[PDB]
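# Observations on the three-dimensional arrangement
So the chains spell out like this:
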Amino acid sequence: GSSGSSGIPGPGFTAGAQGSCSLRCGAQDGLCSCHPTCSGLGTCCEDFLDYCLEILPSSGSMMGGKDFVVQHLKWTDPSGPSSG
């Protein structure tokens, strides 16, 4: 038997131009990320790969294998209207 509202507004930090992986290549940020998981998320830095283009773990090759194929199309049916 309650509803309330509640609210706790935080202040503004305001950092500015940031998000570099020069001496990182293993961190997570908001603007970007120097983590290899940034791939799954999508917060990789623009210079993350440039500076971390060889930080990822071993990338095996050949494991399974699967393919697909499909193609079909057809539709025919004339008509004949009339009037009176």
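Rules of the game
Residues numbered from 1 in each chain as written, not as in the entry; some residues may be left out. Heavy atoms only, no water. Patch = residues over 30% accessible without salt bridge, like charges linked within 9 Å, V, L, I, M, F, W, Y side chains within 5 Å. Areas by Shrake-Rupley, 256 points an atom, 1.4 Å probe, with all protein chains shown as cover. Salt bridge = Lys/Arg side-chain N within 4 Å of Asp/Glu carboxyl O. Helix = DSSP H or I, 4+ residues; strand = E, 2+ residues; numbered from the N terminus. Buried < 20%, exposed > 50% of the residue type's maximum accessible area, 1.4 Å probe, protein only.

- Its PDB header attributes the entry to solution NMR.

## What about a nonpolar patch on the surface?
- On the surface, a nonpolar cluster with roughly 350 Å² of combined accessible area is contributed by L49, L53, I55 and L56.
- Position of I55 among the secondary structure elements: in the segment after α2 (48–51).

## A short note on the environment of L23
- Looking at the element boundaries, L23 is found in the segment before α1 (38–41).
- Residue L23 is classed as exposed on the basis of its relative accessible area of 76%.
- In the structure, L23 is positioned 21 residues away from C44 in sequence and 15 Å away in space, judged by C-alpha atoms.

## Observations concerning unusual backbone geometry
- Phi at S6 takes a positive value of approximately 65°, unusual for a residue other than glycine.
- Note on placement: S6 falls in the segment before α1.
- Positive phi values are uncommon outside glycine, yet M62 reaches one of about 60°.
- With respect to the element layout, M62 can be found in the segment after α2.
- Judged by its relative accessible area of 82%, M62 falls in the exposed class.

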